[PDB]
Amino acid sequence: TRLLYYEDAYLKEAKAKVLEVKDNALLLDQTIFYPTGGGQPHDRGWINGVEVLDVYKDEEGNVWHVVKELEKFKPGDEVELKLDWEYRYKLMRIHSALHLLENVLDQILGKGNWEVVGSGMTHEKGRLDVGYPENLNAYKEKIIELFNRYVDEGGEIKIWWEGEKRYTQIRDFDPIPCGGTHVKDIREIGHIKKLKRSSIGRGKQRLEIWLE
């Protein structure tokens, strides 16, 4: 599949051709719908005004779109794609926030002194599970301050590829390899509304992040 969302994360609408109709799902030649991966949920939206129920990649890498009304789709149809942009852009803000939070933790705790244990997000909040001994409640204020300062200063998020791995880099910070859709500039993330730390195991800590 041609993954238009990796050519332009801000492409909100596009046209596509139906290649196959298999299992309540449409295979398109190109798509703007992000399929589930990298901790980021799949996009919501509409194809010809029909609700999209799921977007996933098959074992060959191609993207299938489950639709709620199959009857009006046949191979060869030209269809109009429309993202649920409110949902997509909130996920871009939260995904980029998780990257910025990682870079902030490198600055404050030291690269190599902590580990990412897991990562995920919803429309509501992002989750970064970390391996670090000391209770991070003693660092929360400084983390929030530095995060918000970088948001205020701004900075481009650059994208490139190395093999099958997509890389993103905020400003000159350490690059972070992962799939998913990011804002263009960290000014768009906005300030932290809430950062919540919890213990999830010995030396394992969950950071949950909500944006304004």
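Heads up: residue numbers just count along the shown sequence, starting at 1.
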Comparing mean C-alpha B factor in the record for 44 to 52 and 173 to 181, the higher one is 173 to 181
Mind pulling up the entry and telling me whether 4 to 12 or 201 to 209 has the higher mean Cα temperature factor? 4 to 12
Classify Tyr139 as lowest, middle or highest third according to the C-alpha B-factor given in the PDB entry, relative to its own chain. highest
Could you look up the Cα B-factor of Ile159 in the entry and say which third of the chain it sits in: lowest, middle or highest? middle
Determine, from the deposited record, the chain-internal third of the Cα B-factor for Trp64: lowest, middle or highest. middle
Compared with the other modelled residues in the chain, in which third is the CA B-factor of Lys165? highest
Which third of the chain holds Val21 when residues are ordered by C-alpha B factor: lowest, middle or highest? highest
